[PDB]
């Protein structure tokens, strides 16, 4: 077994967690994935093994079930946890706020209690730029005022508050909270990537499905924003860069003997139209679109100040927009219908 660590990755069958499980295994950690497959497929776990040549432990477990979760700790000498498990569809969160609060807050609360009981005190938490609400300006740094405009954002704000209070009660806690911006792309092998259920809510999967022929036409949400081409601007970050950030975060908790909160982004914003043009160039496929009305709740612009992460955890985004598009496209083309 590993002398580096044994990492419980909740939500590890999903998009970012699968990529993270890959990087952990590649760096010699032991990995235990807990995922109830509410938004992911079992075959993603097989593909993590096809990539790494290593078999992480897998438990098909609702992590809000403390009894079920404690049986995972019975079976494995967990040294730290990365908590990816959550529902994450904003539109759905507005429609079903109770389930979002229940799933997202109870899964965290359950983990925290089992960890406390088992004296495991190292946790990395998936937060979001959604905690910055309507930003006054970009680039956004960590000391910006926190608010949210949708229940999904609220679950992330409330999670961060819970984590602070848990450490306030037991100062032995070491928490890395990582506020991701807009992850896109896929492992360079093409063997894993994002596999949305149904019609994608997010930009790059929609673009990719237009490119492969699964969808007919991209809709661009709003063309009158206060941005150079009137379309929304976001900080797209390669999911492999994001996954490496998690190894950096764990090392930083160790070295610093202290909690940290840091943005994970590139610092460069791209408009919707810039993304489409980049994807067409990288893919060689057409992405026809139409300019339609703003989607309610969207901000004009949002991108990170990556400075804190560079200083605190020694991490920077490496892969550019072209590479994000190229790698997302390889996954889509080679897996036209997603996993199996």
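Numbering follows the first chain given and starts at 1.
Once the C-alpha B-factors are averaged per stretch, 172 to 180 and 224 to 232 rank with 224 to 232 first. The stretch with the higher mean CA B factor, choosing between 132 to 140 and 152 to 160, is 132 to 140. Within the selection 192, 253, 108, 123, the deposited Cα B-factor values reach their highest point at 253. The PDB entry assigns residue 30 a C-alpha temperature factor belonging to the middle third of its chain's modelled residues. In the PDB entry, a CA B factor belonging to the lowest third of its chain's modelled residues is recorded for residue 21.
Sort the modelled residues of the chain by CA B factor and residue 83 lands in the lowest third. Ranked by C-alpha B-factor against the other modelled residues of its chain, residue 71 falls in the middle third. The PDB entry assigns residue 63 a C-alpha temperature factor belonging to the lowest third of its chain's modelled residues.
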